[PDB]
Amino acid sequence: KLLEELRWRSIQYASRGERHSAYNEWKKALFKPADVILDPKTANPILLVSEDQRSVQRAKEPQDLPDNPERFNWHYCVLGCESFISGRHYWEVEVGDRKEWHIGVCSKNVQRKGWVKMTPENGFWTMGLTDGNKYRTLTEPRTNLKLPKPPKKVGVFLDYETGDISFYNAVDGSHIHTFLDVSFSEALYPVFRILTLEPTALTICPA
């Protein structure tokens, strides 16, 4: 129940204006910083992974790449290089002023060729933004989120043993959403999805 605890901590510390400083303290104390690198071999050919492997953008047209087994050939998705089968981990993602993006984790054994809906039942635990101002969790059905402010930077937190995945506004420390009590039985990868063509990339913050 640690990520449940911290959700409630963030309300408690809001009453004293210490929600940001609390966030920075507990994330460092409790969660190992995943130093997340994007795996170019997994990226849909319409996506571009930066040379430093921290940023992803969309191309106008697909690139000519091999259809190797690890590559998403339909979903506009890319994975981090390493997966987690235990412990507590976190990473922060700069979403900036992008009007569309989805992030979170997925199972190692998600279907990478063709389409299935991105939902927990298919091994995706993600949330994000669409159409400039619609924040949603990619549940079945989709759940609308009401956020007091648009986040520019998002913290993703995995507690594998307890089965919790949390999302925080990493600038002000406010809770966005938690998937509670999931029964993981597979390795989990960080996952990132971009549909739109926009000037701003999606960028992982280094550990």
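Throughout, we count residues from 1 along the sequence that is shown.
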Comparing 33-41 with 62-70, the higher average Cα temperature factor in the PDB entry belongs to 62-70
With B-factors read from the PDB entry, the higher C-alpha mean of 72-80 and 91-99 is in 91-99
Which is it among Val191, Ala187, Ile11, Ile194: the one with the largest CA B-factor in the entry? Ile11
Please place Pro148 in the lowest, middle or highest third of its chain by C-alpha B factor as given in the entry. highest
Taking the values exactly as deposited, rank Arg142 by C-alpha B-factor within its chain and report the matching third: lowest, middle or highest. highest
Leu158: CA B-factor among chain residues, third -> middle
Determine, from the deposited record, the chain-internal third of the Cα B-factor for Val105: lowest, middle or highest. lowest
Using the temperature factors of the C-alpha atoms in this entry, rank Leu180 within its chain: lowest, middle or highest third. highest
